[PDB]
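Only one chain comes next, encoded as structure tokens, the form deposited in one PDB entry.
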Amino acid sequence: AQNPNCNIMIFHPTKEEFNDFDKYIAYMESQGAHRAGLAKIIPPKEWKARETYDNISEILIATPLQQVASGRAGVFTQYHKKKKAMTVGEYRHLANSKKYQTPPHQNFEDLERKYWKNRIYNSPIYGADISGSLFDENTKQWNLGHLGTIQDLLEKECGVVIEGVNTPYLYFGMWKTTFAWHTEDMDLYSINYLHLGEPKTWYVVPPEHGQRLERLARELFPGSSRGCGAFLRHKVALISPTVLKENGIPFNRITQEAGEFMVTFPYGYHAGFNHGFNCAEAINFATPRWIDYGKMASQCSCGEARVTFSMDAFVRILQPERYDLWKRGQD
């Protein structure tokens, strides 16, 4: 059995191997990559996402989100306070201001220590979930706006057409901006490209151990857990690596740099933070192996999560017994 310790694997596809996206995902899984929950893919040297990033300052961040924490340094929740719109150029200047800029640090490990020590005492502002793409239309390999759709995957595997569309999102980050512990909607895969700027550090729990993280989260956030049997779906809970280690939770960590892709696998819980000003693009996707995870994925029906139009058909077809309750939670 490949990758039995569930380590994060790093791949260096050649230009030929970079042509067929689905085939390379399958290849990584044949090597056990999915057991970690996350893999890094370094594109071949001949590849580029677009020519330059010199002309992005006029993109609008319609609803920047200030991420306000509550709790303790290693066990906290965050809520998103809406701020006034600003352009990417204005956001970059804000990220680099004294209030928000990355502090002096010696290496990624020093910055990680500073993050977990000090995150709760600041409220960084995040450009998240902006529909759009920065891939050039002429980039034919690993273009996140040109992947096969999840709707087409479900039709190919299970035989029925469904409504819905699947498009990418942009994320503009700054120091301390945080993504809470979660799996993807319907336990889908995700792919993430860091277009420009400073790194993003990731933490991940192997899919085979995801229930261990859920159990700890219920213990550490007891009111939240009483409110919703799938409250991690709300994407607001943070637990530090120190607390995970103290509780024996299996996990790994890795830092992504500009020009690198990360793939998260079905039911791989992940969380992390941005080191400084950056821009990432991400989208969910499916493969034949996802179907069984989609059929079993937990759902939030308490109201909080209230997700995409496209999730309706996935619940409707893959989880008919749960559909009516889930739908009540969306309205």
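In case it trips you up, residue 1 is the first one in the sequence shown, and so on. Between two forms, the rigid core is defined as the largest C-alpha subset superposing within 1.5 Å.
The protein also exists as the form deposited with a partner chain bound; that form is not presented, and the subsequent description refers to it.
Just one listed stretch, out of 69-77, 96-104, 125-133, 218-226, contacts its partner chain in the bound PDB entry at the 4.5 Å heavy atom level, and that stretch is 125-133. Three-residue candidate spot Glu184, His234 and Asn284; every residue lies within 4.5 angstroms of its partner chain in the bound PDB entry by at least one non-hydrogen atom. Contact check for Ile162: a heavy atom falls within 4.5 Å of its partner chain in the bound PDB entry. Taking non-hydrogen atoms only, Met311 never approaches its partner chain to within 4.5 angstroms in the bound PDB entry.
For the chain shown alone, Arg306 is a contact residue for its partner chain in the bound PDB entry, at least one non-hydrogen atom being within 4.5 angstroms. None of the heavy atoms of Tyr203 is located within 4.5 Å of its partner chain in the bound PDB entry.
Contact annotation: of the candidates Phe108, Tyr169, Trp142, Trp116, the single residue with a non-hydrogen atom within 4.5 angstroms of its partner chain in the bound PDB entry is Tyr169. In a core superposition between this form and the one not shown, the Cα of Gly164 is the only one among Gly164, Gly210, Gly74, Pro199 shifting by 2 Å or more. In the core-superposed comparison between this form and the one not shown, the C-alpha atom of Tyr24 has shifted by less than 2 angstroms. When two forms of a protein are overlaid on their rigid core, residues whose CA moves 2 Å or more are considered shifted, and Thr102 is not one of them between this form and the one not shown. Core-superposed comparison between this form and the one not shown: the C-alpha position of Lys45 differs by less than 2 Å. Relative to this form, in the bound PDB entry the C-alpha atoms of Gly37 and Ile162 approach one another by 3 angstroms or more. Relative to the shown form, the Cα atoms of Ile283 and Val165 move together by 3 Å or more in the bound PDB entry.
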